[PDB]
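Structure, as structure tokens:
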Amino acid sequence: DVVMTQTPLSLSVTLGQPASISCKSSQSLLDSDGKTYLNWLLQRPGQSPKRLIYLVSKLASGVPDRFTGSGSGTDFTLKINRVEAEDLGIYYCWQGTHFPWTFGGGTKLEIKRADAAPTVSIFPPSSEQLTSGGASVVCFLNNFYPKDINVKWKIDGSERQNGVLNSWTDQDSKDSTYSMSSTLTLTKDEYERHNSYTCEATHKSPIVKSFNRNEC
Amino acid sequence: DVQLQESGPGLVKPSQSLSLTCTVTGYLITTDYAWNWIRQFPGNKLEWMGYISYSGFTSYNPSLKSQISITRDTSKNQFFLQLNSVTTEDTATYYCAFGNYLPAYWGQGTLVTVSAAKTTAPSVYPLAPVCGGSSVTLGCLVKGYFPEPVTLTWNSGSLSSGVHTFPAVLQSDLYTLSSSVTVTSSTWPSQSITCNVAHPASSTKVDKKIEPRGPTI
Amino acid sequence: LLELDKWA
Ligand SMILES: [Zn+2]
Ligand SMILES: [Zn+2]
Ligand SMILES: [Zn+2]
């Protein structure tokens with residue numbers, strides 16, 4: 001089957017600068033009817049894919065002229081002339097010349113902005129969870145950049161990565177930042193046997209947030 | 001306008017058959033075009049599955065031939081997808097679409113999880129800030145449910161700005177999800193903020209008001 | 001009004 005390959009995997013572009021994505025096929029997409037059925041697709045966070053380009057260069061109804069498709073044979077390019085925030089997401093190239101139709105693996109467009117430390121919030125277990133016999137401590141790291149960030153949990157000073165669940169959002173087009181949630185889950189009995197609960201965020205001097213059980 | 005709406009079971013057991021419906025509005029599927037099915041696996045990989053044309057002819061991805069069937073009901077303006085004997089690798093987001101014949105317009109997509117794990121209702125916990133600015137951050141923690149998805153909103157959806165809902169993560173057959181919301185201090189607690197969670201799989205709908213903490217020692 | 005491709 002025809003293999004579609006894209007590069008780069010992720011592209012970090014400053015707002016206003018052009019962005020170009022590359023796409024390659026394992027064999028020529030020029031059909032015997034003369035046309036080349038190479039297509040581009042855009043998937044914004046949390047949304048369904050939308051048609052962007054067909055027949056190499058033709059724009060789907062509604063797409064700005066900022067987007068330019070080009071190429072032939074087995075080499076194609078998608079150019080975004082003046083990148084805007086809402087352009088962020090995943091771009092796919094795919095072929096319809098050969099059967100079965102096949103898709104590229106995608107390229108993520110991220111907006112490059114100035115580095116930003118997270119706003120950190122810590123939350124002790126809720127009375128509702130505690131009463132049920134469980135204990136989760138939650139740490140929110142909001143509006144940081146770049147995406148690569150590290151969180152250390154410390155219980156009575158001792159570091160603990162066991163029972164920790166981390167989860168990042170996709171990039172927010174509003175401020176081009178990321179956010180992430182870290183949840184440390186213990187038994188209520190373990191929780192009630194220690195005093196200090198601290199989460200520390202260090203970012204690609206930690207931002208620290210802490211509470212003490214015996215103060216709640 | 002032309003809109004496509006997918007529907008069907010969100011959870012199917014291995015070896016069972018998968019069945020999806022795409023309801024088309026604003027255009028008759030007998031008039032023209034090809035009506036497609038496409039799926040996206042976890043990790044973003046897209047795969048064309050097949051189509052049924054306006055004339056009723058079908059075309060299938062050779063990888064799926066002995067498993068897949070696409071049919072239609074012209075009286076309900078619907079077309080259907082069926083995969084017999086699914087496995088966990090069929091877990092994906094399924095999209096209906098249409099084109100002439102290459103897909104040009106996509107549906108909203110519907111998640112199908114293929115798994116043996118048991119449907120489980122979520123526990124929902126309010127996260128109130130510690131006693132220790134111009135803005136304040138509240139949270140909601142949703143644990144121990146299956147399968148995805150849950151629908152989490154703040155004040156039934158009236159609260160939209162400053163909300164961050166973090167993708168669910170699976171551990172030991174159960175999902176954990178969380179959400180944060182940041183508002184001005186003139187907003188809360190002077191006005192009630194409630195986390196609302198819906199889990200269709202278990203017919204669960206629960207609310208949890210965020211109550212300020214008492215004073216610290 | 002979609003334009004036809006080879007498959008149509
Ligand atoms: Zn934010
Ligand atoms: Zn202990
Ligand atoms: Zn409409």
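We label chains A, B, ... in the order they appear in the structure tokens, count residues from 1 in each chain, and number ligands from 1 in the order shown.
Residue-level contact on chain C: within 6 Å of chain B, counting only C-alpha atoms, the set is residues 4, 7 and 8 of chain C.
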I need the chosen residues saved as a compact mmCIF listing (two decimals), in the first residue's frame, with N, CA and C atoms.
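Final output, saved to part-v4.txt:
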```txt
# COMPACT_ATOMS: atom_id res chain seq x y z
N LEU C 4 -16.00 16.00 -9.38
CA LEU C 4 -15.73 14.57 -9.42
C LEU C 4 -14.24 14.26 -9.49
N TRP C 7 -12.58 8.32 -9.10
CA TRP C 7 -13.37 7.22 -8.56
C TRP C 7 -14.87 7.39 -8.80
N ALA C 8 -15.29 8.62 -9.07
CA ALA C 8 -16.70 8.90 -9.30
C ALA C 8 -17.09 8.61 -10.75
```
Inset, instruction - Find the residues near ligand 1. Use a cut-off of 12 Å, count only C-alpha atoms and all ligand atoms, and write them as a VMD selection string. - result: (chain A and resid 118 to 120 140 to 145 169 to 180) or (chain B and resid 135 to 137 160 to 166 179 to 183)
Inset, instruction - Find the residues near residue B:129: any atom within 9 Å, counting only C-alpha atoms, skip ones fewer than 6 places away on the same chain, and give them as a ChimeraX atom specification. - result: /A:121-124 /B:136-139,212-213
Inset, instruction - Pull out every residue of chain B that has at least one atom within 9 Å of chain A, counting only C-alpha atoms, and report them as number ranges by chain. - result: B: 44-50, 60-62, 95, 102-109, 123-131, 137-139, 141, 164-169, 171, 176-180, 213-217
Legend entry - Protein and nucleic residues near ligand 3, 7 Å, only C-alpha atoms and all ligand atoms, as an NGL selection string: :B and (1-3)
Could the residues in this selection be saved with N, CA, C and O atoms as a tab-separated table (two decimals), in the first residue's frame?
```
chain	number	residue	atom	x	y	z
B	1	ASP	N	-27.79	22.85	4.56
B	1	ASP	CA	-26.46	22.44	4.96
B	1	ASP	C	-26.38	20.92	4.95
B	1	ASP	O	-27.40	20.24	4.87
B	2	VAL	N	-25.16	20.38	5.02
B	2	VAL	CA	-24.99	18.93	5.10
B	2	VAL	C	-24.21	18.54	6.35
B	2	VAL	O	-23.02	18.85	6.48
B	3	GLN	N	-24.88	17.87	7.28
B	3	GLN	CA	-24.21	17.44	8.50
B	3	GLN	C	-24.30	15.93	8.72
B	3	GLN	O	-25.33	15.31	8.43
```
Inset, instruction - Please write out the residues within 10 Å of ligand 2 as number ranges by chain, counting only C-alpha atoms and all ligand atoms. - result: A: 155-156, 186-195
Would you write out those residues with N, CA, C and O atoms, as an mmCIF file, in the first residue's frame?
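Result file follows (again.cif):
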```cif
data_model
loop_
_atom_site.group_PDB
_atom_site.id
_atom_site.type_symbol
_atom_site.label_atom_id
_atom_site.label_comp_id
_atom_site.auth_asym_id
_atom_site.auth_seq_id
_atom_site.Cartn_x
_atom_site.Cartn_y
_atom_site.Cartn_z
ATOM 1 N N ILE A 155 6.679 13.933 50.159
ATOM 2 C CA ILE A 155 5.873 13.667 51.343
ATOM 3 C C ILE A 155 6.791 13.575 52.552
ATOM 4 O O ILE A 155 7.655 12.699 52.620
ATOM 5 N N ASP A 156 6.605 14.483 53.506
ATOM 6 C CA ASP A 156 7.548 14.615 54.609
ATOM 7 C C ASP A 156 8.972 14.662 54.065
ATOM 8 O O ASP A 156 9.873 14.016 54.595
ATOM 9 N N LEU A 186 -2.914 8.197 47.388
ATOM 10 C CA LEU A 186 -2.494 7.322 48.475
ATOM 11 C C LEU A 186 -3.723 6.754 49.169
ATOM 12 O O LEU A 186 -4.848 7.163 48.889
ATOM 13 N N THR A 187 -3.508 5.811 50.078
ATOM 14 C CA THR A 187 -4.566 5.371 50.974
ATOM 15 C C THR A 187 -4.756 6.464 52.014
ATOM 16 O O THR A 187 -3.822 7.213 52.299
ATOM 17 N N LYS A 188 -5.953 6.574 52.579
ATOM 18 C CA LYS A 188 -6.168 7.569 53.621
ATOM 19 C C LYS A 188 -5.210 7.346 54.787
ATOM 20 O O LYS A 188 -4.731 8.304 55.397
ATOM 21 N N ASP A 189 -4.928 6.082 55.093
ATOM 22 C CA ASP A 189 -4.086 5.760 56.243
ATOM 23 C C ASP A 189 -2.646 6.228 56.035
ATOM 24 O O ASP A 189 -2.015 6.740 56.962
ATOM 25 N N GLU A 190 -2.132 6.058 54.820
ATOM 26 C CA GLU A 190 -0.810 6.575 54.485
ATOM 27 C C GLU A 190 -0.818 8.093 54.598
ATOM 28 O O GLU A 190 0.094 8.696 55.175
ATOM 29 N N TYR A 191 -1.864 8.706 54.053
ATOM 30 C CA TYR A 191 -2.002 10.158 54.074
ATOM 31 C C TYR A 191 -2.013 10.727 55.492
ATOM 32 O O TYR A 191 -1.416 11.771 55.755
ATOM 33 N N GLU A 192 -2.696 10.039 56.401
ATOM 34 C CA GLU A 192 -2.863 10.535 57.764
ATOM 35 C C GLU A 192 -1.640 10.303 58.640
ATOM 36 O O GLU A 192 -1.624 10.692 59.806
ATOM 37 N N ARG A 193 -0.616 9.674 58.078
ATOM 38 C CA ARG A 193 0.579 9.349 58.845
ATOM 39 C C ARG A 193 1.744 10.286 58.531
ATOM 40 O O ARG A 193 2.819 10.177 59.122
ATOM 41 N N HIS A 194 1.523 11.212 57.605
ATOM 42 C CA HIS A 194 2.537 12.196 57.253
ATOM 43 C C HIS A 194 1.986 13.606 57.392
ATOM 44 O O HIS A 194 0.773 13.798 57.491
ATOM 45 N N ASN A 195 2.875 14.595 57.395
ATOM 46 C CA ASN A 195 2.465 15.966 57.648
ATOM 47 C C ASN A 195 2.576 16.888 56.438
ATOM 48 O O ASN A 195 1.601 17.531 56.056
#
```
Inset, instruction - Would you mind reading off the distance between atom CA of residue B:120 and atom CA of residue B:91, one decimal, in Å? - result: 18.3 Å
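Pairwise distance (atom CA of residue B:29, atom CA of residue B:113) equals 28.1 Å.
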Inset, instruction - Could you jot down the atom CA of residue A:17 to atom CA of residue A:86 separation for me, Å, one decimal place? - result: 14.0 Å
Inset, instruction - Counting only C-alpha atoms, figure out which residue out of A:146, A:3, A:154, A:36 gets nearest to chain C. - result: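 Checking each of A:146, A:3, A:154, A:36 against chain C, counting only C-alpha atoms, the winner is A:36.
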Legend entry - DSSP alpha helix (DSSP H) residues within stretch 49-151 of chain A, listed as a ChimeraX atom specification: /A:127-132
Inset, instruction - For residue B:58, please output as a ChimeraX atom specification all residues within 10 Å (counting only C-alpha atoms; exclusion window: fewer than 5 positions along the same chain). - result: /B:34-36,50-53,69-71
Kindly save the residues from that selection, with C-alpha atoms included, as a PDB file, in the first residue's frame.
```
ATOM      1  CA  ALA B  34     -19.673   8.346  -1.717  1.00  0.00           C
ATOM      2  CA  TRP B  35     -20.415   7.891   1.973  1.00  0.00           C
ATOM      3  CA  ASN B  36     -17.282   6.932   3.855  1.00  0.00           C
ATOM      4  CA  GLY B  50     -14.499   2.013   2.950  1.00  0.00           C
ATOM      5  CA  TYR B  51     -17.580   3.608   1.415  1.00  0.00           C
ATOM      6  CA  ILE B  52     -21.035   2.965   0.027  1.00  0.00           C
ATOM      7  CA  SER B  53     -21.918   5.044  -3.016  1.00  0.00           C
ATOM      8  CA  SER B  69     -19.654  -4.435   5.854  1.00  0.00           C
ATOM      9  CA  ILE B  70     -21.188  -1.096   4.881  1.00  0.00           C
ATOM     10  CA  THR B  71     -24.943  -0.854   4.347  1.00  0.00           C
TER      11      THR B  71
END
```
Legend entry - DSSP-assigned strand (DSSP E or B) among stretch 122-173 of chain A, expressed as a PyMOL selection string: chain A and resi 122-123+134-145+149-155+158-159+164-168
Export of prior selection with N, CA, C and O atoms as a JSON list (two decimals), in the first residue's frame:
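As written to disk, result-v5.json reads:
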```
[["chain", "number", "residue", "atom", "x", "y", "z"],
["A", 122, "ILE", "N", -1.98, 23.83, 44.64],
["A", 122, "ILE", "CA", -2.03, 22.54, 45.33],
["A", 122, "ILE", "C", -3.37, 22.35, 46.03],
["A", 122, "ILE", "O", -3.96, 23.30, 46.54],
["A", 123, "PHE", "N", -3.84, 21.11, 46.04],
["A", 123, "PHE", "CA", -5.12, 20.79, 46.65],
["A", 123, "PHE", "C", -5.00, 19.54, 47.50],
["A", 123, "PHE", "O", -4.68, 18.46, 46.99],
["A", 134, "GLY", "N", -10.13, 7.14, 50.64],
["A", 134, "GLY", "CA", -9.06, 7.41, 49.70],
["A", 134, "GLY", "C", -8.49, 8.80, 49.90],
["A", 134, "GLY", "O", -9.09, 9.63, 50.57],
["A", 135, "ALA", "N", -7.32, 9.05, 49.31],
["A", 135, "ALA", "CA", -6.67, 10.34, 49.45],
["A", 135, "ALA", "C", -5.86, 10.68, 48.20],
["A", 135, "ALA", "O", -4.86, 10.04, 47.91],
["A", 136, "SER", "N", -6.32, 11.69, 47.47],
["A", 136, "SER", "CA", -5.57, 12.17, 46.31],
["A", 136, "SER", "C", -5.11, 13.59, 46.57],
["A", 136, "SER", "O", -5.90, 14.44, 46.98],
["A", 137, "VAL", "N", -3.83, 13.85, 46.34],
["A", 137, "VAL", "CA", -3.32, 15.21, 46.37],
["A", 137, "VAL", "C", -3.12, 15.67, 44.93],
["A", 137, "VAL", "O", -2.54, 14.95, 44.12],
["A", 138, "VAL", "N", -3.60, 16.87, 44.62],
["A", 138, "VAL", "CA", -3.61, 17.35, 43.24],
["A", 138, "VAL", "C", -2.79, 18.62, 43.06],
["A", 138, "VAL", "O", -2.86, 19.55, 43.87],
["A", 139, "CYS", "N", -2.00, 18.64, 42.00],
["A", 139, "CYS", "CA", -1.17, 19.78, 41.69],
["A", 139, "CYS", "C", -1.49, 20.23, 40.27],
["A", 139, "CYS", "O", -1.39, 19.43, 39.34],
["A", 140, "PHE", "N", -1.93, 21.48, 40.11],
["A", 140, "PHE", "CA", -2.17, 22.04, 38.78],
["A", 140, "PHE", "C", -1.03, 22.96, 38.38],
["A", 140, "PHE", "O", -0.69, 23.89, 39.11],
["A", 141, "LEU", "N", -0.44, 22.72, 37.21],
["A", 141, "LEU", "CA", 0.55, 23.63, 36.65],
["A", 141, "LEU", "C", -0.07, 24.29, 35.43],
["A", 141, "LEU", "O", -0.21, 23.66, 34.39],
["A", 142, "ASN", "N", -0.46, 25.55, 35.57],
["A", 142, "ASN", "CA", -1.22, 26.23, 34.53],
["A", 142, "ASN", "C", -0.42, 27.23, 33.72],
["A", 142, "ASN", "O", 0.39, 27.99, 34.26],
["A", 143, "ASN", "N", -0.66, 27.23, 32.41],
["A", 143, "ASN", "CA", -0.16, 28.28, 31.52],
["A", 143, "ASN", "C", 1.36, 28.39, 31.51],
["A", 143, "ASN", "O", 1.91, 29.46, 31.79],
["A", 144, "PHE", "N", 2.03, 27.29, 31.19],
["A", 144, "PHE", "CA", 3.48, 27.33, 31.06],
["A", 144, "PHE", "C", 3.92, 27.07, 29.62],
["A", 144, "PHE", "O", 3.11, 26.71, 28.76],
["A", 145, "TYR", "N", 5.21, 27.27, 29.36],
["A", 145, "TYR", "CA", 5.80, 27.00, 28.06],
["A", 145, "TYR", "C", 7.32, 27.01, 28.23],
["A", 145, "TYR", "O", 7.84, 27.84, 28.97],
["A", 149, "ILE", "N", 7.90, 19.81, 31.07],
["A", 149, "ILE", "CA", 8.01, 20.24, 32.46],
["A", 149, "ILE", "C", 8.06, 19.02, 33.38],
["A", 149, "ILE", "O", 7.55, 17.95, 33.04],
["A", 150, "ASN", "N", 8.69, 19.18, 34.53],
["A", 150, "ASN", "CA", 8.84, 18.09, 35.49],
["A", 150, "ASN", "C", 8.18, 18.43, 36.82],
["A", 150, "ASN", "O", 8.28, 19.57, 37.29],
["A", 151, "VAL", "N", 7.52, 17.45, 37.41],
["A", 151, "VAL", "CA", 6.88, 17.65, 38.71],
["A", 151, "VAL", "C", 7.37, 16.62, 39.72],
["A", 151, "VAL", "O", 7.30, 15.42, 39.48],
["A", 152, "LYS", "N", 7.88, 17.10, 40.85],
["A", 152, "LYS", "CA", 8.28, 16.22, 41.93],
["A", 152, "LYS", "C", 7.32, 16.33, 43.11],
["A", 152, "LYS", "O", 7.03, 17.44, 43.58],
["A", 153, "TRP", "N", 6.83, 15.19, 43.57],
["A", 153, "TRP", "CA", 6.03, 15.14, 44.79],
["A", 153, "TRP", "C", 6.92, 14.76, 45.97],
["A", 153, "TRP", "O", 7.70, 13.81, 45.89],
["A", 154, "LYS", "N", 6.80, 15.52, 47.06],
["A", 154, "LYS", "CA", 7.53, 15.21, 48.29],
["A", 154, "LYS", "C", 6.59, 15.08, 49.49],
["A", 154, "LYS", "O", 5.81, 15.98, 49.78],
["A", 155, "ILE", "N", 6.68, 13.93, 50.16],
["A", 155, "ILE", "CA", 5.87, 13.67, 51.34],
["A", 155, "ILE", "C", 6.79, 13.58, 52.55],
["A", 155, "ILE", "O", 7.66, 12.70, 52.62],
["A", 158, "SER", "N", 10.35, 13.32, 51.58],
["A", 158, "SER", "CA", 10.73, 12.19, 50.73],
["A", 158, "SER", "C", 10.03, 12.23, 49.37],
["A", 158, "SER", "O", 8.81, 12.36, 49.30],
["A", 159, "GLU", "N", 10.81, 12.12, 48.31],
["A", 159, "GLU", "CA", 10.27, 12.12, 46.95],
["A", 159, "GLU", "C", 9.51, 10.83, 46.65],
["A", 159, "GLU", "O", 9.90, 9.75, 47.09],
["A", 164, "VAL", "N", 1.43, 8.28, 40.92],
["A", 164, "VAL", "CA", 1.28, 9.61, 40.34],
["A", 164, "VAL", "C", 0.75, 9.52, 38.90],
["A", 164, "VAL", "O", 1.28, 8.78, 38.08],
["A", 165, "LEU", "N", -0.30, 10.29, 38.61],
["A", 165, "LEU", "CA", -0.84, 10.35, 37.26],
["A", 165, "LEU", "C", -0.73, 11.76, 36.71],
["A", 165, "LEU", "O", -1.29, 12.70, 37.27],
["A", 166, "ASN", "N", -0.01, 11.89, 35.59],
["A", 166, "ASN", "CA", 0.19, 13.19, 34.96],
["A", 166, "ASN", "C", -0.57, 13.29, 33.65],
["A", 166, "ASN", "O", -0.75, 12.28, 32.95],
["A", 167, "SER", "N", -1.01, 14.49, 33.30],
["A", 167, "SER", "CA", -1.77, 14.70, 32.08],
["A", 167, "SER", "C", -1.65, 16.14, 31.58],
["A", 167, "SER", "O", -1.96, 17.08, 32.31],
["A", 168, "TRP", "N", -1.21, 16.29, 30.33],
["A", 168, "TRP", "CA", -1.04, 17.59, 29.69],
["A", 168, "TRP", "C", -2.22, 17.92, 28.78],
["A", 168, "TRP", "O", -2.77, 17.03, 28.13]]
```
